[PDB]
Amino acid sequence: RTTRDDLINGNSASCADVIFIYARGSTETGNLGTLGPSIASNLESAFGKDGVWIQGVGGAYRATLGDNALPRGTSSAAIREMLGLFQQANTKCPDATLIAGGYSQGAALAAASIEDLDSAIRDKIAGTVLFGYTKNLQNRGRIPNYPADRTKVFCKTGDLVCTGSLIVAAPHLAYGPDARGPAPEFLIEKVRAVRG
């Protein structure tokens, strides 16, 4: 369940209405890690199995710990990868509503990729949930070039990565309940507002 390739294995002849691209934290298994699956199970509950594609950022995204120390908090390979999946969503299913998310390094990944994204594709991302956002201070609680009103950052008090650190403290491991309730609920609200 920690590997999902709904978009990649998806085709333009049979598109989902919603596409969720998600980035995992450093060293997490699969393309979804610990938080991806709970988010994805809840979405499928809202829109139906056939109503939503779940797509982890795999491939060139190795989610290496040293990569947090790079300028934008992740590698360029990883950014090119995530951008490509956004692109692949846009072409494969141009009527799809997009949603996005990341944890730790993958929060850095999502934010870097969404900044870089063509404004036309970025406009289709209805919401983005970030957990233990490692560039939360550096980007002032926001994703550059993306609306605060489509962004939800979960950054617990005493999660040091939210205040410009790379030190992992216990509050950084406690996003479990957020990925099971608040996070997907925000995503679901945003999609339904956009789509009607």
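Thresholds applied
Residues numbered from 1 in each chain as written, not as in the entry; some residues may be left out. Heavy atoms only, no water. Disulfide = S-S within 2.5 Å. UniProt positions renumbered as here; feature names shortened; annotations may be inferred. Helix = DSSP H or I, 4+ residues; strand = E, 2+ residues; numbered from the N terminus. Buried < 20%, exposed > 50% of the residue type's maximum accessible area, 1.4 Å probe, protein only. Pairing = 2+ DSSP bridges.

Deposited coordinates in this entry are attributed by the record to X-ray crystallography, at a stated resolution of 2.00 Å.

Asker: An account of the UniProt feature "disulfide bond" in the protein is requested, with residue identities and associated values reported.
Answerer: With a threshold of 2.5 Å on the sulfur distance, the UniProt-listed cystine of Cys-15 and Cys-93 is realised in this model at 2.0 Å. Residue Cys-15 is found in the segment before β1 (18-23), and its partner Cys-93 is found in the loop between α2 (76-92) and β3 (97-103); the two are separated by 78 residues along the sequence. Overall, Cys-15 belongs to the partly exposed group, its relative accessible area being 31%. UniProt's annotated cystine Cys-155-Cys-162 is reproduced in these coordinates, with an S-S distance of 2.0 Å, under 2.5 Å.

Asker: Tell me about the pairing of strand β4 (residues 125-131), residues and numbers included.
Answerer: With seven of its seven residues buried, β4 lies for the most part within the structure. Relative to β4, β3 is paired through six bridges, and the arrangement is parallel. Bridge assignment links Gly-101 to a residue of β4, and that residue is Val-129. As paired strands, β4 and strand β5 (residues 151-154) are joined by four bridges and run parallel to one another. In the strand pairing of β5, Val-129 is matched with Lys-152.

Asker: I'd love a proper account of the pairing of β3, names of residues and values included.
Answerer: Among the seven residues in β3, seven count as buried, and that is most of the element. Here β3 shows no split at all, with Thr-97, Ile-99, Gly-101 and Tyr-103 on one side and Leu-98, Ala-100 and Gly-102 on the other all buried. Summarising the sheet, β1 and β3 pair through six bridges and their orientation is parallel. Considered in β3, the bridge of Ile-21 is made with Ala-100.

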